[PDB]
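Undergrad: Could you have a look at this structure, given as structure tokens, before my questions?
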Amino acid sequence: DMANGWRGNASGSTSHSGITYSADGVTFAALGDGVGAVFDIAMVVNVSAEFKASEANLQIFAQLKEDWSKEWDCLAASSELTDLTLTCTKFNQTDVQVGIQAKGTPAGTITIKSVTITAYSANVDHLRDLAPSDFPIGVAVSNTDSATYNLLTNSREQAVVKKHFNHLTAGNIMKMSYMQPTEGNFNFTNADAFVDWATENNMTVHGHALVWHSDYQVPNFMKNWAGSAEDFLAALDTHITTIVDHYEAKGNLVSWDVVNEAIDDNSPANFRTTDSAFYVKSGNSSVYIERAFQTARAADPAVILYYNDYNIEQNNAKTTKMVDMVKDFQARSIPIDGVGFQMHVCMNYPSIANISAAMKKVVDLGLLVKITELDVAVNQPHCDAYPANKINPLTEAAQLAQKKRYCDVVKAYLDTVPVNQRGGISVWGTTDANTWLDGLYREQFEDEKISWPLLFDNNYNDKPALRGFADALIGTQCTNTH
Ligand code: NA
Ligand code: NA
């Protein structure tokens with residue numbers, strides 16, 4: 001604020017002549033030693049020719065008001081001056097006077113253009129090493145799809161991933177049109193480079209995803225299919241067989257999301273129709289779902305086959321349709337080894353009782369239960385009556401609520417899923433600086449990055465979320481306190 005609150009100040013015997021407000025900021029006449037300008041609680045400045053000639057220095061300073069003697073250390077010498085940038089760094093008490101003053105035998109004027117003024121540890125060495133049985137502790141990464149966040153070019157991503165995880169999912173580059181952009185032209189280069197790095201680092205890879213209706217990654221030739229239903233289904237088989245066979249041979253790819261998000265968001269729930277190219281191009285049929293599983297099993301009988309979805313942890317209509325599908329597949333000998341609960345949850349919804357009940361329904365059918373995409377939104381437009389209780393900026397209370405919530409979810413997973421049915425827990429991203437949720441809810445969020453849903457902050461430092469996750473793994477009581 002360079003248009004309100006500024007004062008002339010004299011620390012020496014020479015009187016000041018106040019300040020002048022202009023479009024440039026705040027100016028004062030450097031009348032003598034200790035004459036300056038201050039405001040109440042890093043600068044940009046431009047000094048006059050008479051000031052440089054004077055040989056006088058500039059002193060940024062701060063002092064407690066009325067207890068005046070208590071930060072003399074700062075100094076910008078005349079020789080450092082010619083529009084410059086000047087920075088300055090007992091400070092905390094429960095009124096502070098700050099500014100800059102001329103030192104020496106000054107003359108001319110000083111214009112100040114701007115002024116701005118500006119570490120938690122979870123004490124977890126390696127999150128993966130705390131797992132009470134040998135199940136994957138995993139993370140989604142960016143690859144060539146993000147110039148900024150690509151695992152293979154971003155050394156901060158590499159460091160956090162190496163430190164804590166032992167299992168990886170590609171955020172986008174193993175999706176359908178990324179693997180087969182045009183008919184018959186498969187592209188394995190970038191995803192092979194990713195798998196190689198995982199292998200080099202003793203991490204296994206979860207493949208995401210063989211079949212998924214989301215329009216931006218449906219291959220154009222599939223979206224625009226103009227042939228028969230059976231030839232479409234034959235094309236879908238070729239897509240799956242080529243990719244599964246290839247990754248079987250590469251090694252280190254242990255499980256696939258075979259079909260992702262085939263169930264609608266209605267109540268009661270049904271398989272997707274008009275919004276799925278797979279339903280429409282198969283001739284208005286959901287036979288492609290079971291077929292994809294059969295085709296994937298034939299291509300690599302050892303790879304673990306998941307059906308993956310969101311909201312199936314809520315224990316309502318979507319959960320029911322998912323369970324009915326699994327039972328139907330079992331009754332008809334359609335191969336399926338596990339269910340992936342994406343687990344994109346809110347802070348207070350759905351309840352741990354419901355999440356646990358939903359996972360247990362899959363446990364009781366003898367299948368693996370894998371948490372594939374866990375994150376915990378601090379703000380989420382469908383939760384806690386948003387925006388009535390919007391949290392912005394992020395607070396310590398919300399970070400501690402998030403610690404408890406991560407702990408509660410991981411504990412529920414451990415309490416519900418027997419050792420040999422644990423397919424893993426993975427979180428959907430590393431740093432809050434790059435969560436998918438901020439883009440997904442950008443309209444509701446008014447383009448602000450306010451979901452803060454992951455284990456590490458924008459600087460890759462630990463959040464209490466990480467401590468909550470570890471607390472669950474070690475059987476420590478889940479709390480929202482340090
Ligand atoms: Na592993
Ligand atoms: Na094969």
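Identifiers in this document derive from the order of the structure tokens: chains are assigned A, B, ..., residues are numbered from 1 separately in each chain, and ligands are numbered from 1 in order of occurrence.
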With ligand 1 as the partner and 10 Å as the cut-off, tabulate the residues of chain A that qualify, each row holding the nearest pair of atoms and their distance in Å to one decimal, using only C-alpha atoms and all ligand atoms, sorted by chain and rising number, as CSV.

TA:
residue,atom,partner,partner_atom_place_in_ligand_line,distance
A:128,CA,ligand 1,1 (Na),8.9
A:134,CA,ligand 1,1 (Na),8.3
A:135,CA,ligand 1,1 (Na),7.5
A:136,CA,ligand 1,1 (Na),5.5
A:137,CA,ligand 1,1 (Na),7.7
A:138,CA,ligand 1,1 (Na),8.4
A:165,CA,ligand 1,1 (Na),8.3
A:166,CA,ligand 1,1 (Na),4.6
A:167,CA,ligand 1,1 (Na),5.4
A:168,CA,ligand 1,1 (Na),9.0
A:198,CA,ligand 1,1 (Na),9.6
A:199,CA,ligand 1,1 (Na),9.7
A:201,CA,ligand 1,1 (Na),9.7
A:202,CA,ligand 1,1 (Na),6.6
A:203,CA,ligand 1,1 (Na),4.9
A:204,CA,ligand 1,1 (Na),5.1
A:205,CA,ligand 1,1 (Na),8.4
A:252,CA,ligand 1,1 (Na),9.2
A:254,CA,ligand 1,1 (Na),9.4
A:424,CA,ligand 1,1 (Na),9.6

Undergrad: Counting only C-alpha atoms, what is within 12 Å of residue 277 in chain A, bar same-chain residues fewer than 4 positions away, as a PyMOL selection string?

TA: chain A and resi 211-226+229+232-233+236+262+272-273+281-286+288

Undergrad: Residues within 8 Å of ligand 2 should be enumerated using only C-alpha atoms and all ligand atoms and returned as a list in words.

TA: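 Checking only C-alpha atoms and all ligand atoms against ligand 2 at 8 Å gives residues 241, 244, 245, 246, 248, 249, 298, 299, 300 and 301 of chain A.
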
Undergrad: Save out the residues we just selected, C-alpha atoms, as a PDB file, in the first residue's frame.

TA:
ATOM      1  CA  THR A 241      -4.272 -56.984 -26.571  1.00  0.00           C
ATOM      2  CA  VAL A 244      -1.286 -55.566 -22.442  1.00  0.00           C
ATOM      3  CA  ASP A 245       1.054 -57.846 -24.451  1.00  0.00           C
ATOM      4  CA  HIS A 246       3.556 -55.023 -24.815  1.00  0.00           C
ATOM      5  CA  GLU A 248       3.742 -57.901 -20.109  1.00  0.00           C
ATOM      6  CA  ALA A 249       6.948 -58.100 -22.159  1.00  0.00           C
ATOM      7  CA  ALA A 298      -6.020 -63.683 -22.416  1.00  0.00           C
ATOM      8  CA  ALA A 299      -3.226 -61.202 -23.240  1.00  0.00           C
ATOM      9  CA  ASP A 300      -1.440 -61.514 -19.846  1.00  0.00           C
ATOM     10  CA  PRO A 301      -2.955 -64.097 -17.451  1.00  0.00           C
TER      11      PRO A 301
END

Undergrad: Write out as a ChimeraX atom specification all residues of range 58-158 of chain A that DSSP puts in strand (DSSP E) for this structure's backbone.

TA: /A:58-64,84-86,96-103,109-115,137-141

Undergrad: Which residues come within 10 Å of residue 160 in chain A, counting only C-alpha atoms, excluding same-chain residues fewer than 5 positions away, as a list in words?

TA: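 Contacts, with the query itself left out: residues 126, 155, 165, 430, 431, 456, 460, 461 and 462 of chain A.
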
Undergrad: Keeping only C-alpha atoms, write the selected residues as a PDB file, in the first residue's frame.

TA:
ATOM      1  CA  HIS A 126       9.938 -43.237   3.999  1.00  0.00           C
ATOM      2  CA  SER A 155      14.075 -33.261 -10.064  1.00  0.00           C
ATOM      3  CA  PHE A 165       6.633 -44.420  -2.693  1.00  0.00           C
ATOM      4  CA  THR A 430       2.598 -35.393  -5.233  1.00  0.00           C
ATOM      5  CA  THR A 431       2.420 -31.642  -4.678  1.00  0.00           C
ATOM      6  CA  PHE A 456       2.985 -32.256   0.103  1.00  0.00           C
ATOM      7  CA  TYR A 460       7.219 -30.050  -1.876  1.00  0.00           C
ATOM      8  CA  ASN A 461       7.381 -29.770   1.925  1.00  0.00           C
ATOM      9  CA  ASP A 462       5.457 -32.166   4.174  1.00  0.00           C
TER      10      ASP A 462
END

Undergrad: Find, counting only C-alpha atoms, the residue in A:455, A:343, A:394, A:357 that gets nearest to residue 416 in chain A.

TA: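 Under the stated criterion, the closest residue is A:357.
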
Undergrad: Considering only C-alpha atoms, state which residue in the set A:370, A:318, A:482, A:361 is at the smallest distance from residue 339 in chain A.

TA: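 Looking only at the distances to residue 339 in chain A, the closest residue turns out to be A:370.
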
Undergrad: So that I can see what lies close to range 47-63 of chain A, please list as a ChimeraX atom specification the residues with an atom at most 10 Å from it, counting only C-alpha atoms and leaving out residues fewer than 4 positions away in the same chain.

TA: /A:27,29-30,32-34,36-40,42-43,67-84,86-89,91,95-112

Undergrad: Which polymer residues have any atom within 6 Å of an atom of residue 377 in chain A, counting only C-alpha atoms, with same-chain residues fewer than 6 positions away left out, as a PyMOL selection string?

TA: chain A and resi 346+451+453

Undergrad: Smallest atom-to-atom distance to residue 322 in chain A: which of A:18, A:268, A:350, A:335, using only C-alpha atoms?

TA: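 Comparing A:18, A:268, A:350, A:335 against residue 322 in chain A, the winner is A:268.
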
Undergrad: Set the distance at 12 Å and use only C-alpha atoms: which residues neighbour range 408-412 of chain A once local chain neighbours fewer than 4 positions away are removed? I'd like the list as a PyMOL selection string.

TA: chain A and resi 131-132+137+313+341+343-360+369-371+374-376+401-404+416-418+422+424-427+465-480

Undergrad: Using only C-alpha atoms, pick whichever of A:247, A:445, A:306, A:178 has the shortest atom-to-atom distance to residue 390 in chain A.

TA: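 Answer, going by the shortest atom-to-atom distance: A:445.
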
Undergrad: Find the residues near residue 22 in chain A: any atom within 10 Å, counting only C-alpha atoms, skip ones fewer than 3 places away on the same chain, and give them as a list in words.

TA: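 Counting only the stated atoms, we get residues 2, 3, 19, 25, 26, 27, 111 and 113 of chain A.
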
Undergrad: Please produce a file of the residues just selected, as a PDB file, in the first residue's frame, where the atoms kept are N, CA, C and O atoms.

TA:
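So result.pdb came out as:
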ATOM      1  N   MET A   2       0.965   1.911  -1.192  1.00  0.00           N
ATOM      2  CA  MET A   2       1.800   3.095  -1.447  1.00  0.00           C
ATOM      3  C   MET A   2       0.951   4.349  -1.707  1.00  0.00           C
ATOM      4  O   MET A   2       1.443   5.352  -2.255  1.00  0.00           O
ATOM      5  N   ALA A   3      -0.329   4.277  -1.315  1.00  0.00           N
ATOM      6  CA  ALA A   3      -1.278   5.378  -1.499  1.00  0.00           C
ATOM      7  C   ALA A   3      -2.035   5.727  -0.198  1.00  0.00           C
ATOM      8  O   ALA A   3      -2.858   6.670  -0.161  1.00  0.00           O
ATOM      9  N   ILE A  19       5.826  13.558   3.152  1.00  0.00           N
ATOM     10  CA  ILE A  19       5.931  12.755   1.943  1.00  0.00           C
ATOM     11  C   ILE A  19       5.028  13.348   0.851  1.00  0.00           C
ATOM     12  O   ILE A  19       4.148  14.167   1.141  1.00  0.00           O
ATOM     13  N   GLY A  25       4.448   6.608  -6.499  1.00  0.00           N
ATOM     14  CA  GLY A  25       4.439   5.998  -5.179  1.00  0.00           C
ATOM     15  C   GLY A  25       4.536   7.032  -4.072  1.00  0.00           C
ATOM     16  O   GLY A  25       3.660   7.903  -3.948  1.00  0.00           O
ATOM     17  N   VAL A  26       5.605   6.948  -3.277  1.00  0.00           N
ATOM     18  CA  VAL A  26       5.835   7.891  -2.171  1.00  0.00           C
ATOM     19  C   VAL A  26       7.228   8.519  -2.281  1.00  0.00           C
ATOM     20  O   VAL A  26       8.245   7.821  -2.328  1.00  0.00           O
ATOM     21  N   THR A  27       7.258   9.846  -2.331  1.00  0.00           N
ATOM     22  CA  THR A  27       8.508  10.576  -2.444  1.00  0.00           C
ATOM     23  C   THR A  27       8.754  11.401  -1.171  1.00  0.00           C
ATOM     24  O   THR A  27       7.816  11.925  -0.571  1.00  0.00           O
ATOM     25  N   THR A 111      12.190   8.345  -4.219  1.00  0.00           N
ATOM     26  CA  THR A 111      10.869   7.852  -4.578  1.00  0.00           C
ATOM     27  C   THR A 111      10.807   6.351  -4.341  1.00  0.00           C
ATOM     28  O   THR A 111      11.612   5.611  -4.891  1.00  0.00           O
ATOM     29  N   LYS A 113       8.680   3.121  -5.055  1.00  0.00           N
ATOM     30  CA  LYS A 113       7.677   2.674  -6.033  1.00  0.00           C
ATOM     31  C   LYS A 113       6.786   1.483  -5.536  1.00  0.00           C
ATOM     32  O   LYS A 113       5.569   1.439  -5.787  1.00  0.00           O
TER      33      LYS A 113
END

Undergrad: Give me, please, the distance in Å between CA of residue 396 in chain A and CA of residue 121 in chain A, quoted to one decimal.

TA: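 That distance, rounded to one decimal, is 13.8 Å.
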
Undergrad: Can you list, as a ChimeraX atom specification, every residue of range 256-364 of chain A that DSSP puts in alpha helix (DSSP H)?

TA: /A:277-281,287-299,317-331,352-363

Undergrad: To one decimal place in Å, what is the distance between CA of residue 338 in chain A and CA of residue 366 in chain A?

TA: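 Between CA of residue 338 in chain A and CA of residue 366 in chain A the gap is 8.7 Å.
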